[PDB]
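> The structure's right below; bear with me while I get my questions together.
Methodologically, a virtual Cβ is constructed for each residue, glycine included, from the backbone with ideal geometry; neighbour enumeration extends over all protein chains shown. Just so it is clear, none of the values below were taken in a lab; they were calculated from the coordinates.
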Amino acid sequence: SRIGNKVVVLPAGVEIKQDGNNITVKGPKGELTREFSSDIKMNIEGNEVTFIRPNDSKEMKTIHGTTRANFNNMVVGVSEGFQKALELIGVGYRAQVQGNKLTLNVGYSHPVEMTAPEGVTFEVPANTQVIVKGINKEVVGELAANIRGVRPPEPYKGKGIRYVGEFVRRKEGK
Amino acid sequence: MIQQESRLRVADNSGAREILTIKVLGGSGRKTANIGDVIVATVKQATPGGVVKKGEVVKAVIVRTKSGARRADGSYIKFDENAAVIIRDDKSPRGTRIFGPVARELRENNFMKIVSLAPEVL
Amino acid sequence: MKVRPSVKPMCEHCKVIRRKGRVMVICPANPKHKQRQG
Amino acid sequence: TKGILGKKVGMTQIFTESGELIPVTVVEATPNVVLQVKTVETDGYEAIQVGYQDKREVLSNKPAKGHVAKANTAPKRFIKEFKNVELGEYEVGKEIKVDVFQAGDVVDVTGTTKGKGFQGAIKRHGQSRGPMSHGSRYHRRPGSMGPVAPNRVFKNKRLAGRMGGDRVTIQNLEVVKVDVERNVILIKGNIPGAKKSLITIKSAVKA
RNA sequence: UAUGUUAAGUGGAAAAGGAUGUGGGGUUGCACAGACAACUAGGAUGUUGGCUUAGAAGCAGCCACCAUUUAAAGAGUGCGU
RNA sequence: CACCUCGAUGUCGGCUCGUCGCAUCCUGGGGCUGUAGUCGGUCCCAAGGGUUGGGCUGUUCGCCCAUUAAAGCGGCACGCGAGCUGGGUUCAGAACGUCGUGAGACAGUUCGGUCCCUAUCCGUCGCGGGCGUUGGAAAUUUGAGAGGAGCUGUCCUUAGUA
RNA sequence: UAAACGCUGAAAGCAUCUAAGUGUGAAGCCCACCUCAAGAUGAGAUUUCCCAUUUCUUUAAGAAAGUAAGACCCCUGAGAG
Ligand SMILES: [K+]
Ligand SMILES: [K+]
Ligand SMILES: [K+]
Ligand SMILES: [Mg+2]
Ligand SMILES: [Mg+2]
Ligand SMILES: [Mg+2]
Ligand SMILES: [Mg+2]
Ligand SMILES: [Mg+2]
Ligand SMILES: [Mg+2]
Ligand SMILES: [Mg+2]
Ligand SMILES: [Mg+2]
Ligand SMILES: [Mg+2]
Ligand SMILES: [Mg+2]
Ligand SMILES: [Mg+2]
Ligand SMILES: [Mg+2]
Ligand SMILES: [Zn+2]
């Protein structure tokens, strides 16, 4: 099997710009850029892109797959974006959004403030249902993890912040 | 400037008459105490028909000292003897009636019952 | 973490990974199966 | 930041809007004068050079008069630089009155300490005297110099020598009162120096 | 000079033992009537097989292991009640 | 084992001064828990600082008292006697027990008993003179680089909330 | 940065903190706080002052012999010693 040889659909509305390095991607949601290495060959069709490695070495197979994955991430983010849904649960826990500045009440004596960059949004459809939303999967996951690390889950009773849909094992404490 | 092996008179009717500082409390290497500082001590001379008796180990509070106390306004109190009051784990005393005077410095340290039971509080 | 040169898996769900040049065992089910070399 | 430099006078004992004493040191700050302004493009750093106490011209010298002549003032005795300050606020010839400070602000004070002379290790470093009885011949001495194996004495083994003359800061002091008519600052607490000695006052670095 | 190997400063310190480290060679299995891994649909019934125990009724202790459509299901992999 | 030291090798403990390592006693970080919470147990990282005063014994150790946030383990000629003490070490005296026919000895104990040295070199702490820094001088300075300091309890609140 | 926590992610269609990429993260490290410090012969930088004289010897970065700026001797002394 293989990933890197798998073609990559735009599908339409998305655009790109090759270069020696620092390839650029564009479309409805916005812009993105990233410095893929000059060891991969970038074949392009009107709707489909492919990456080819020079040989069958460890390193080049790795770079092949990684570049396909990152390029797919950039395209999918510019088309549909990404969003991580978090669910904070507890007796007296709640949250609220003020622009790019999230506030959190999670049991600590003081309310906690996180802040996003311009490329990321906090939604808060409900007091306990946070959603990070964005275009760079890396930054989205990083911010969601930093948030989760404020008051992470617990096994005995479940008090803490989660990813919506994950598994959180629990112990039958006395 | 009350140290280990320093002897003190007793300023209450708890039963004791003379005291000897075993150690000063507060920290690790405190080699000195003054008013408001708690003490661990023996009883070298007790009243005969007293509750507190010879040999007993007990906590105590320094209530008046020759090397006396200082106020913010430069007003300093000093005494002609070094005396202490025996207490329990709580700041309350063992006996019931304090003798002689007492410094005001104890009200900050929350020995309010001793401050009240004392006749004169300087 | 169980730091031991005799790192080896304890169940079927244990994966073995060389991470920062150290051998590690990672089980999502039982974190007591989490092991490292040292 | 900011600062001045002045002369120690002595100690006092002062009441502050209440009966609460505050011990105090007096600093006479006859108005300092800017003499030079240093910048990166000529000198390597932003700074301002300052003089405090007027000499007699017979005591001064030609190359010092030439350095003062720009500011159009008299030969100064003590000359120091102040760093980490605003240069657009200050100009050559500017006189720095004590009004610059506000009574209550926090402050840092440098000075040169009282010379105690050639002193032993006990007074110079707090080392402990040996026993004075029980056959002891070891009373005021600094002890062993170290182990055997190096065949040498390690450095910063503390010994007798000159105690005093060092430059010392005192931080987080407080300005109690200002008298611009008399050009005097009152500072809460002791500060390093003999009387008639130079002091540098500065706004606090920590605060 | 030529061919390769090593990615630890190994070289330039040392064992039992541990490891999808990497290179070479061989054997063997499966595989374009489609391998392996993933995703989707299903994963059951007479039957909650019985004994058991207040309760074990797929999985405390204890015997067997037929049958079903089948495209396939163990008289049940663990959790858990 | 007896390689160095018998034309000297000073023997334990304590004192003064400390310095180093980390196999970390406390503080600091974290994972696992048979971690409900407080306390914890264990392991990984971490040596920045700190790591008590007394009674008994010559004692190290150890026991005890009372505190501590904690009362670390070791090395540096079981650190340091041209820096101190000399209590303990059977130097010479004497005595008990025991042994010896005995002079004497310890398979044991006890009382008492001279600790010399003006620092040459390196080394260390401080202070100077000379010269240099490329004309001579007076001041202020960047700062390579070095050192010093680095600790911590209790209470209140959050809250008798989780 | 340590240990630990990872985000994205491939080798290995999944998975995975790592291989590239990226980030939290300790009383510890480099700074930040204080002091010494240009003998730092790698001898630094800035401001200001004195000026470019006489003879002899020589094409000599020459020698002595009076001086400028300035410093010192010497004396009265302590905030120093
Ligand atoms: K040597
Ligand atoms: K010998
Ligand atoms: K010696
Ligand atoms: Mg004497
Ligand atoms: Mg000899
Ligand atoms: Mg360690
Ligand atoms: Mg003692
Ligand atoms: Mg006694
Ligand atoms: Mg020794
Ligand atoms: Mg003796
Ligand atoms: Mg004899
Ligand atoms: Mg006989
Ligand atoms: Mg005698
Ligand atoms: Mg000597
Ligand atoms: Mg960081
Ligand atoms: Zn496992």
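> Report yes if some residue within the range B:36-49 is among the basic types (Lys, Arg), under 22 Å from residue B:115 (Cα atoms) and more than 14 Å from every other protein chain (Cβ to nearest Cβ); otherwise report no. If you could, list the steps in order and put the result at the bottom.
Here is the first cut: in the range B:36-49, the ones among the basic types (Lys, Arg) are B:44.
Next, only the ones that are under 22 Å from residue B:115 (Cα atoms) stay: none.
So far as the range B:36-49 goes, no, none of its residues is among the basic types (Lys, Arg), under 22 Å from residue B:115 (Cα atoms) and more than 14 Å from every other protein chain (Cβ to nearest Cβ).
> Could you say whether any residue in the range D:86-96 is more than 14 Å from chain B (Cβ to nearest Cβ), at negative phi and not in a loop (DSSP other than H, G, I, E, B)? Write out each step before concluding.
First, the residues of the range D:86-96 that are more than 14 Å from chain B (Cβ to nearest Cβ): D:86-96.
Now drop any that are not at negative phi, which leaves D:86-92, D:94-96.
Still in the list and also not in a loop (DSSP other than H, G, I, E, B): D:95-96.
So far as the range D:86-96 goes, yes, one or more of its residues are more than 14 Å from chain B (Cβ to nearest Cβ), at negative phi and not in a loop (DSSP other than H, G, I, E, B).
> Pick out, from the range A:1-67, the strands (runs of 3 or more DSSP E) lying fully within it that include 2 or more residues that are more than 18 Å from residue A:77 (Cβ to Cβ).
Details: elements: A:15-17, A:23-26, A:32-34, A:41-44, A:48-52.
In the range A:1-67, the matching strands (runs of 3 or more DSSP E) lie at A:41-44, A:48-52.
> If you take just the strands (runs of 3 or more DSSP E) that sit entirely in the range B:3-87, which of them hold at least 2 residues that are more than 20 Å from residue B:112 (Cβ to Cβ)? Full working, then the answer.
Working: elements: B:7-10, B:16-24, B:38-46, B:58-64, B:83-86.
Result: B:7-10, B:16-24, B:38-46.
> Which numbered condition in (1) within 16 Å of RNA strand F (Cβ to nearest atom); (2) in contact with a helix residue (DSSP H, G or I) (Cβ under 7 Å, 6 or more places away or on another chain); (3) closer than 30 Å to residue D:52 by Cβ is the only one that residue D:142 fails?
Going through the list (1) within 16 Å of RNA strand F (Cβ to nearest atom); (2) in contact with a helix residue (DSSP H, G or I) (Cβ under 7 Å, 6 or more places away or on another chain); (3) closer than 30 Å to residue D:52 by Cβ, residue D:142 breaks only (3).
> Here is a further query. For the list (1) within 16 Å of RNA strand G (Cβ to nearest atom); (2) in contact (Cβ under 8 Å) with a residue 24 or more places away in the chain, I need the number of the one condition that residue D:187 fails.
(1)
> Any residue in the range D:130-151 that is among the polar types (S, T, N, Q) and touching a strand residue (DSSP E or B) at 6+ places or on another chain (Cβ under 6 Å)? Even if it seems obvious, please write down each step before you answer.
Residues of the range D:130-151 that are among the polar types (S, T, N, Q), as a first pass: D:133, D:136, D:144, D:151.
Still in the running and touching a strand residue (DSSP E or B) at 6+ places or on another chain (Cβ under 6 Å): none.
Scanning the range D:130-151, I find no residue that is among the polar types (S, T, N, Q) and touching a strand residue (DSSP E or B) at 6+ places or on another chain (Cβ under 6 Å), so the answer is no.
> A further question on this structure: Filter the range C:25-38 down to residues that are within 10 Å of RNA strand E (Cβ to nearest atom) and closer than 21 Å to residue A:167 by Cβ and give me whichever is nearest to the other protein chains (Cβ to nearest Cβ).
C:29
> Starting from residues that are in contact (Cβ under 8 Å) with a residue 60 or more places away in the chain and over 23 Å from residue A:30 (Cβ atoms), keep the ones in the range A:49-73 and report whichever is farthest from the chain's Cα centre (by Cα). Can you show your working first?
Of the range A:49-73, the ones in contact (Cβ under 8 Å) with a residue 60 or more places away in the chain are A:64-65, A:67-69, A:71-73.
Pick out the ones that are also over 23 Å from residue A:30 (Cβ atoms) and you get A:64-65.
Details: A:64: 21, A:65: 18 Å.
The qualifying residue farthest from the chain's Cα centre (by Cα) is A:64.
> Which count do you get for residues in the range D:1-53 that are closer than 24 Å to residue D:191 by Cβ and of a type in the set (D, E, K, R)?
6
> Could you go through the range A:83-95 and let me know if any residue there is closer than 30 Å to residue A:70 by Cα, surrounded by 14 or more Cβ atoms within 10 Å (Cβ to Cβ) and without any contact (Cβ under 8 Å) to a residue 40 or more places away in the chain.
No, the range A:83-95 has no match at all.
> Same structure, new question: Of everything in the range D:39-49 that's in contact (Cβ under 8 Å) with a residue 24 or more places away in the chain and hydroxyl-bearing (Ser, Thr, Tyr), which residue is nearest to the other protein chains (Cβ to nearest Cβ)?
For the range D:39-49, the residue satisfying everything is D:45.
> Next question, about the same structure. I need a count of the residues in the range B:71-113 that are within 14 Å of another protein chain (Cβ to nearest Cβ), in contact with a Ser or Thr (Cβ under 9 Å, 6 or more places away or on another chain) and not charged (D, E, K, R). I'd like the intermediate steps shown before the answer.
If we filter the range B:71-113 for residues that are within 14 Å of another protein chain (Cβ to nearest Cβ), which is where we start, we get B:71-76.
Of the ones still in play, those that are also in contact with a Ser or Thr (Cβ under 9 Å, 6 or more places away or on another chain) are B:72-73.
So of that shortlist, the ones also not charged (D, E, K, R) come out as B:72.
Summing the residues that are within 14 Å of another protein chain (Cβ to nearest Cβ), in contact with a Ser or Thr (Cβ under 9 Å, 6 or more places away or on another chain) and not charged (D, E, K, R) in the range B:71-113 gives 1.
> I would also like to ask the following. Filter the range A:105-161 for residues that are part of a strand (DSSP E or B) and of a type outside the set (A, V, I, L, M, F, W, C); which is farthest from residue A:69 (Cα to Cα)? Steps first, answer last, please.
Kept after step one, since they are part of a strand (DSSP E or B), are these residues of the range A:105-161: A:105, A:112-115, A:120-122, A:126, A:129-134, A:160.
This time we only want the ones that are of a type outside the set (A, V, I, L, M, F, W, C), so: A:105, A:113, A:115, A:121, A:129, A:133-134, A:160.
Details: A:105: 37, A:113: 33, A:115: 28, A:121: 24, A:129: 29, A:133: 20, A:134: 18, A:160: 32 Å.
The qualifying residue farthest from residue A:69 (Cα to Cα) is A:105.
> Away from RNA strand F (no atom under 12 Å from the Cβ) and either aromatic (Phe, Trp, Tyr) or surrounded by fewer than 10 Cβ atoms within 10 Å (Cβ to Cβ) (or both): does that describe residue D:118?
Details: away from RNA strand F (no atom under 12 Å from the Cβ): no; either aromatic (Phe, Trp, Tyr) or surrounded by fewer than 10 Cβ atoms within 10 Å (Cβ to Cβ) (or both): yes.
No: the conditions fail for residue D:118.
> For residue D:150, which of the numbered conditions (1) more than 6 Å from RNA strand F (Cβ to nearest atom); (2) in contact (Cβ under 8 Å) with a residue 12 or more places away in the chain fails to hold?
Answer for residue D:150: the failing condition is (2).
> So, one more: Can you work out which of the residues in the range D:1-38 that are more than 19 Å from the chain's Cα centre (by Cα) and not in a strand (DSSP E or B) is farthest from the other protein chains (Cβ to nearest Cβ)?
Result: D:17.
> Here's another thing I want to ask about it. Within the range B:69-122, can you find the residues that are surrounded by 15 or more Cβ atoms within 10 Å (Cβ to Cβ) and among the aromatic types (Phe, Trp, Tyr)?
B:79, B:99, B:111
> For the range B:39-55, which positions are touching a residue at least 40 places away in the same chain (Cβ under 8 Å) and exposed (fewer than 15 other Cβ atoms within 10 Å of the Cβ)? Show your work before the answer.
Filtering the range B:39-55 for residues touching a residue at least 40 places away in the same chain (Cβ under 8 Å) gives B:39, B:41, B:51-52.
Within the range B:39-55, just B:51 meets the criteria.
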